[PDB]
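Chemist:
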Amino acid sequence: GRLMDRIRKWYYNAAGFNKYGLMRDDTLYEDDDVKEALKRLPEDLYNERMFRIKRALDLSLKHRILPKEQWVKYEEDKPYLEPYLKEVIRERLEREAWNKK
Amino acid sequence: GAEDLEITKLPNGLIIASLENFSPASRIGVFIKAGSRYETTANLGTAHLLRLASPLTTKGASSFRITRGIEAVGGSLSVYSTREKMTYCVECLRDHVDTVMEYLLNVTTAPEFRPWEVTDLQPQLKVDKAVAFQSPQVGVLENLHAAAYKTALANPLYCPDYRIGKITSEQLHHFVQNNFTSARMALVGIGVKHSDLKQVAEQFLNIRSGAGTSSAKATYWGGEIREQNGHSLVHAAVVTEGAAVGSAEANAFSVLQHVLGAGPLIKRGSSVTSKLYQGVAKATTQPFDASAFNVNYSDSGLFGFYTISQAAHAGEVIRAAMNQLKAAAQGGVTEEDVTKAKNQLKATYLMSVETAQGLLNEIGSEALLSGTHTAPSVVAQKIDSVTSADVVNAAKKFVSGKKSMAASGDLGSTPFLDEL
Amino acid sequence: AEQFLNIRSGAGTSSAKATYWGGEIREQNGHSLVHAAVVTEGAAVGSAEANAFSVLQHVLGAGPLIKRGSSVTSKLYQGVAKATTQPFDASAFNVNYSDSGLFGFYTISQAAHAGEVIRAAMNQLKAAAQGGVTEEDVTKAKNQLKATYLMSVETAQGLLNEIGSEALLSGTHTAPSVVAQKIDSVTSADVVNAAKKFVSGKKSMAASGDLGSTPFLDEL
Amino acid sequence: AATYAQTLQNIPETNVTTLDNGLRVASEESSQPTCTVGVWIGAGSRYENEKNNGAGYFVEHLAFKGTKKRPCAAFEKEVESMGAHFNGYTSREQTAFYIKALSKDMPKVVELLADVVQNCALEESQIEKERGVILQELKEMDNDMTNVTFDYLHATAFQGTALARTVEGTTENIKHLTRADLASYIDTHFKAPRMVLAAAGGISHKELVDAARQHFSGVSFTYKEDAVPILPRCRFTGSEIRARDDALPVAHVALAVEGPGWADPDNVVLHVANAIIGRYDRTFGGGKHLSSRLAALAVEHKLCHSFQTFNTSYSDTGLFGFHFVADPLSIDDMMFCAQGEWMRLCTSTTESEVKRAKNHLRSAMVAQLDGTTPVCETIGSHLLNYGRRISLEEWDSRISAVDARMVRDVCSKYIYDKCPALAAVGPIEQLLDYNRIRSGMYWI
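Chains as they are written, first to last, in the working numbering: chain A, 1 to 101; chain B, 102 to 521; chain C, 522 to 741; chain D, 742 to 1185.
1) How about the region 312 to 321 of chain B and the region 215 to 227 of chain B: do they share at least three Cβ pairs that are nearer than 8 Å?
2) Considering Cα atoms alone, identify which of B:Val239, B:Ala248, B:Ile268 is closest to B:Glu218.
3) Beta carbons nearer than 8 Å to chain D: which residues of the region 274 to 300 of chain B have them?
4) Tell me which residues of the region 996 to 1029 of chain D have at least one Cβ-Cβ distance to chain B shorter than 8 Å, keeping chain order.
5) Among the residues of its own chain, which have a CB less than 8 Å from the CB of B:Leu145, if the five just before and after it don't count?
6) Locate the beta strand (DSSP E) running through C:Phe614, then write down its first and last residues.
7) Buried or exposed, going by whether 16 or more other CB atoms sit within 10 Å of the CB of A:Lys73?
8) Chain A beta carbons: is any one of them nearer than 7 Å to that of B:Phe214?
9) Is there a C-beta anywhere in chain B that falls below 7 Å from the one on D:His1042?
10) Indicate whether at least one CB of chain B lies closer than 7 Å to the CB of D:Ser958.
11) For the alpha helix (DSSP H) that B:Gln329 lies in, which residues bound it at each end?
12) Look up D:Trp781 in the DSSP assignment and say whether it is helix, strand or coil.
13) Using a C-beta to C-beta distance shorter than 7 Å, which residues of chain B count as neighbours of A:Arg40?
14) Where do the N-terminal and C-terminal ends of the beta strand (DSSP E) with B:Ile265 fall, by residue?
15) Measuring alpha carbon to alpha carbon, tell me which residue in D:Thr911, D:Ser1153, D:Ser1093 is nearest residue 1189 of chain D.
16) Which residue's Cα is closest to the Cα of C:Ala583: C:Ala613, C:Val566, C:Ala558?
17) So, for D:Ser1032: in the same chain, excluding its five sequence neighbours on each side, which residues have a beta-carbon less than 7 Å away from its beta-carbon?
18) Return helix, strand or coil for C:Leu741, following the three-state DSSP convention.
19) Where does C:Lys588 fall in DSSP's three states?
20) Per DSSP, D:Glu981 forms a beta bridge with which residues?
21) Starting from the C-beta of B:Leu469, find all residues in its chain whose C-beta is less than 6 Å away, skip the five residues before and the five after it, and write them out in chain order.
22) What residues in its chain sit with their C-beta under 8 Å from that of C:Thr735, if we drop five residues either side in the sequence?
23) Kindly list the residues whose CB is nearer than 7 Å to the CB of A:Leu45, restricted to its own chain and excluding five residues on each side of it in sequence; keep chain order.
24) According to DSSP, simplified to helix, strand and coil, what is C:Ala558?
25) Any residues in the region 67 to 97 of chain A with a beta carbon nearer than 7 Å to a beta carbon of chain B? Which ones, in chain order?
26) Flag B:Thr142 as yes if its beta-carbon sits less than 7 Å from any beta-carbon of chain C, otherwise no.
27) For C:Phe737, go through chain E and note every residue whose CB falls closer than 7 Å to its CB, in chain order.
28) Should the region 1123 to 1133 of chain D be regarded as contacting the region 970 to 980 of chain D, the criterion being three or more beta carbon pairs within less than 8 Å?
29) Would B:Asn444 pass as an interface residue toward chain D - the criterion being a Cβ-Cβ separation below 7 Å?
30) Closer than 7 Å, CB to CB, is B:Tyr259 near chain C or not?
31) Start and end of the alpha helix (DSSP H) containing D:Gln773?
32) Tell me the start and end of each unbroken beta strand (DSSP E) in the region 430 to 513 of chain B that is at least 3 residues and wholly inside, in chain order.
33) Residues of chain D with CB under 7 Å from residue 85 of chain B, in chain order?
34) Does any residue of chain D bring its CB to less than 7 Å from the CB of B:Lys368?
35) Taking all protein chains shown into account, do 16 or more other C-beta atoms lie within 10 angstroms of the C-beta of B:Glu192, making it buried, or fewer, making it exposed?
36) For D:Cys1078, which three-state DSSP category applies?
Dropping the structure here:
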């Protein structure tokens, strides 16, 4: 329901990665699944993620953040990887299930 | 058990052949009119990559399930193809047909050609092509078709180098959407009941009607492509435009073929019934080989001879093969030679169907470029019904027609098309 | 040279005569640009028929003289220009070997327009073989050739090459005035004949790129 | 429609009838216009000795160059002109000559066969010609690493015995074998009690045997003549032979333990076992998803260009092992995983694996009877080795009785802690130490 649909927007702003100009998916810990997903991203999406991340690291070393104008807005955050990652995991679960059978 | 060979032809033009020989194993296949023939300078090699792409994920089954699934029931899945026909078939024990069928269905009608899978697959073209070319035999045929034609058929059967890695998921999809159409496909199937194979073709074969992309006419060039590569052995092939599939002049060439000699019948034996072999034999002294070459395509064909010989003797060997062709065009054909051949041809034909693969191929080939099954007695009737004159004429057509030649090896002593 | 050089005497291995085939080798490689060259047996070195071709060369056009400029004095260039719309290039190809030579044109053009570009280069050759050569064109050429020759010797390299080439395939030094005398002493007819020799002779062609729209030797 | 179970039963039976001279005639009649008939002889390099090694192969080269009743030219012309294909081979324990023609010619064929095995011309001039030819085939075969390796595998696995020899023989034996030795070999080995006339296609067993009695005459007098000789047993040796040539592009390696021999039922389990490991080659599209673990690893780690398992049988023994082709720098890892898979076989096979292995095996046996020539090959072989025909219906019965537990026991029985035979050819520096390999023979 549209209840926690607000909570999310709240958490999203509490987290604060948007202050670094990062997308939610940019902050994912790169375990195995995530690593595979990243290999599937189209070139353009991949390079954009790369610049965003490098940009964030540079801000982090400088101990600064992006001007308020440049912060990613909750509703404009692109879940660019979630689709691929969801697929990668099903495939894995398929194989896992099949190899027990 | 022993009877029939039904063959329906659904609404959309999708032909279904079928024969129950009660074999403990089945072998279903999807024949299609498609190949490097419909390729354009723009999408060269896409047919080849498609061939290697059979195991990639589909809309109904995943790359993983396709392989594990088929293997679980001791089945097999393969794709054979020529410049103008692609066959996707699967084999397995009778009790698993329904299981193996799902993947065959999925592969040919529901590929996804996911970009990544496709990107990882492409370097395979380099490998696949590397083993094939281990046979000099293959290199010259590629060049032959490129010298014999200006288009369509001139297109190579193996993805050219410069294009490895450049084919796209688009091109694959587009190639499939414009060629794998019900009016260009036939669902043949040995070891099964016609009703079953038909109920399948219906409720499941989606990609309906159409004829999509039409191949450009096969223009004849008549070129000569030579390849100096050092090999102690020179492979040469000289041909001329010949008969097309189902052409009246076809049966004629096929016979002139055996008369000239096409393949040994006795292990390590000499071929006396081969005028061509025998002729060359009297010409050279060292090891060699020579045969009657004959290909019949939809809108064209090639005919001539193919020779393998030591470099220094390619000259004498090729001339010899020629003199033997002219000598035949000038009535150098006994009424008996025509008799012997006719038998070797009928025998060869009949033996070439004992194979589950051989039979399915024969059946499906007709059901695709026809829609009917010429009885064996009929094909026999058509073969011997070839006069001694027809044969001498075929030979004439060669001596007169514009020749195209393809050779490779240490061509230092190999003659040029204009010196024969 | 004397009190030092030792491997000596004779002429050793003699090269086999240069037989002429007249083939057509095509190379499909994808390149957005198609390079094509169509020639015919040309003239040998030391041959009187040489000068004629060299001149028909400049008449047809062989290399630009104005940076980024159009070549008007180039019939071949000009001809092709009227034919295609996109970028390209075209020149008179001419090689003179000991016992043979090659002559024709060379063209670089976008794939899709190779057809129109090569035809054009051809029509411009036939048009020249049919007396399409002004007495003035022959005059202009003769100068461009004498100039090109004279400039091509300011280089230490260029000079040594010129000198040495003669002293090897001759043993003498044709004075510059003599080479000049030989060049302009080429009738307007000689030129039209050279052109004829091309349109009639057996051609050999070599092309490479996305030849999808490039014509075959038998289609020209 | 009809089930696999039934299609198996409705398979025409194989008829066998022995003559009075000891020859056995067998066939499987089909409704086919074309057929295959030939004689399978229980002879081969194993029957040769140190001095005639290669004779049976030399005899294979003359077998077709004409008989006494009809010289070279005539013989070939007669076979060619009827559209018949004449072929055959010779191995360590089995030889064969068979023909592919129209069922219509079945009887004339049988006459041709009998003329070949009984009346080889052995023309003195011909022998000197096949001498040079065989010498050429040796240099050619010398460049086929796969065979050079299996020869070496036999050479060491059965060192000091008859099975240690190659089928083609030695350079010496071929440079000197005589018209006599070839005659002697034929007169010593090609005999009715040791031969089997098998036929497949559209042929009447009766018409066959009738044509048989007619051309296979030579009736024996003494008891010696119709007694089938028992060969001295070949001792197996755990050992290795390393032929190193870093100049070769890729290395070949074959490892094997001693097999039970034709007669033993376990061979059914061993074959099932081999199906679990299976085979591979860089063109298998299945790639990383292949069910064979070794195949998967091979793909995931680029372990080799190819590999194959095998269970080569012989009368009293055999070789159970595997062979792979790999780049100089991946030999070690390949061997590691391979032996690893053998240990998995002995200690932790799964019902799922055997279940699948069986289906693969069933398809394989069926696929071995795909045509007249192959059905004929089976009959000739079965008789000569099992003394009868084993129908697919039987094979399937046996194959279906195999389970995990059984594969483990059989494999442990032939592989676990055994000294293997090793043959390595090529740039093999990275593969090393028999000892290390011997240790790979135990503890999963």
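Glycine included, every Cβ here is placed at the ideal spot set by N, Cα and C.
Modeler: Walking through what the data contain:
1) Between the region 312 to 321 of chain B and the region 215 to 227 of chain B, the count of Cβ pairs shorter than 8 Å is below three; the stretches do not touch.
2) Here residue 218 of chain B refers to the residue found at position 117 of the second sequence. For B:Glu218, the nearest C-alpha among the options comes from B:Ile268.
3) Listed by position, the residues of the region 274 to 300 of chain B near chain D (Cβ gap below 8 Å) are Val293, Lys294, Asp297.
4) So the list reads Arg1023, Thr1024, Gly1026, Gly1027, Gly1028, given in the order they occur along the chain.
5) If you number the second sequence from 1, residue 145 of chain B lands on position 44. Closer than 8 Å at the Cβ level, and outside the excluded window around B:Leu145, lie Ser137, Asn256, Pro257, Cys260, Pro261, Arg264.
6) By 1-based counting over the third sequence, the position of residue 614 of chain C is 93. Run containing C:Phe614: 609 to 618, per the beta strand (DSSP E) assignment.
7) By 1-based counting over the first sequence, the position of residue 73 of chain A is 73. Answer is exposed; the Cβ neighbour count stays below 16.
8) Position 113 of the second sequence holds residue 214 of chain B. Taking Cβ atoms only, chain A never reaches closer than 7 Å to B:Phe214, which makes this a no.
9) The sequence position of residue 1042 of chain D within the fourth sequence is 301, counting from 1. Look at D:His1042: its C-beta is not under 7 Å from any C-beta on chain B.
10) Position 217 of the fourth sequence, counted from the start, is the residue given in the question as residue 958 of chain D. Closer than 7 Å: no.
11) Here residue 329 of chain B refers to the residue found at position 228 of the second sequence. Not the alpha helix (DSSP H): B:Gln329 falls in the beta strand (DSSP E), residues 325 to 329.
12) Within the fourth sequence, residue 781 of chain D is the residue found at index 40, counting from 1. Of the three classes helix, strand and coil, the one that applies to D:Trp781 here is strand, per DSSP.
13) Residue numbering aside, residue 40 of chain A sits at position 40 when the first sequence is read from its first letter. The contact set of A:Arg40 on chain B, defined by CB atoms closer than 7 Å, consists of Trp217 in chain order.
14) For the purposes of this step, residue 265 of chain B is taken as residue 164 along the second sequence, with counting starting at 1. Run containing B:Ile265: none; DSSP gives neither H nor E here.
15) The structure shown does not extend to residue 1189 of chain D, since chain D is modelled only from 742 through 1185, so no value can be given for it.
16) Within the third sequence, residue 583 of chain C is the residue found at index 62, counting from 1. Among C:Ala613, C:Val566, C:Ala558, the Cα nearest to that of C:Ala583 belongs to C:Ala613.
17) As a first step, residue 1032 of chain D must be located in the fourth sequence, where it is residue number 291. Within the same chain, D:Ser1032 has close Cβ partners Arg1097.
18) Position 220 of the third sequence, counted from the start, is the residue given in the question as residue 741 of chain C. Assignment of C:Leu741 by DSSP, reduced to helix, strand and coil, places it in the coil class.
19) For the purposes of this step, residue 588 of chain C is taken as residue 67 along the third sequence, with counting starting at 1. Three-state DSSP puts C:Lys588 in coil, outside helix and strand.
20) In the fourth sequence, the residue the question calls residue 981 of chain D occupies position 240. DSSP output for D:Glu981 lists D:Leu1163 as bridge partner(s).
21) As a first step, residue 469 of chain B is located in the second sequence; it is residue number 368 there, counting from the start. The answer, listed in chain order, is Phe132, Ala287.
22) Within the third sequence, numbered from 1, the residue matching residue 735 of chain C stands at position 214. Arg547, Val555, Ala557, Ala632, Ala635, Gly636, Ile639, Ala728, listed in sequence order.
23) Taking the first sequence and counting its residues from 1, the one referred to as residue 45 of chain A is at position 45. Here A:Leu45 has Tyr80 as same chain residues with Cβ atoms under 7 Å from its own Cβ, once five neighbours each way along the sequence are excluded.
24) Position 37 of the third sequence, counted from the start, is the residue given in the question as residue 558 of chain C. Reduced to three states, the DSSP call for C:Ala558 is strand.
25) Close to chain B, meaning a Cβ-Cβ distance shorter than 7 Å, are the following residues of the region 67 to 97 of chain A: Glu91, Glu94, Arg95.
26) As a working mapping, residue 142 of chain B is identified with position 41 in the second sequence. Interface residue, yes.
27) In the structure shown, chain E does not exist; the protein chains are A, B, C and D.
28) Counting Cβ pairs under 8 Å, fewer than three are found: no touch.
29) Counting from 1 along the second sequence, the entry for residue 444 of chain B is found at position 343. Yes, B:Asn444 lies at the interface with chain D (some Cβ there is under 7 Å from its Cβ).
30) Counted from its first residue, the second sequence places residue 259 of chain B at position 158. Residue-level contact check: B:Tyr259 does not touch chain C, since none of the beta carbons of chain C fall below 7 Å from its beta carbon.
31) Locating residue 773 of chain D in the fourth sequence gives position 32, where the first residue counts as 1. First-last for D:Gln773: undefined, no H or E at that position.
32) Those beta strand (DSSP E) runs which fall completely within the region 430 to 513 of chain B and span 3+ residues are 505 to 510.
33) Nothing about residue 85 of chain B can be read from this structure; chain B reaches only from 102 to 521.
34) For the purposes of this step, residue 368 of chain B is taken as the residue at position 267 of the second sequence. Yes, because at least one Cβ of chain D sits closer than 7 Å to the Cβ of B:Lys368.
35) In the second sequence, the residue the question calls residue 192 of chain B occupies position 91. Under the 10 Å beta carbon count, B:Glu192 is surrounded by 16 or more other beta carbons and is classified as buried.
36) Taking the fourth sequence and counting its residues from 1, the one referred to as residue 1078 of chain D is at position 337. Of the three classes helix, strand and coil, the one that applies to D:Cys1078 here is helix, per DSSP.
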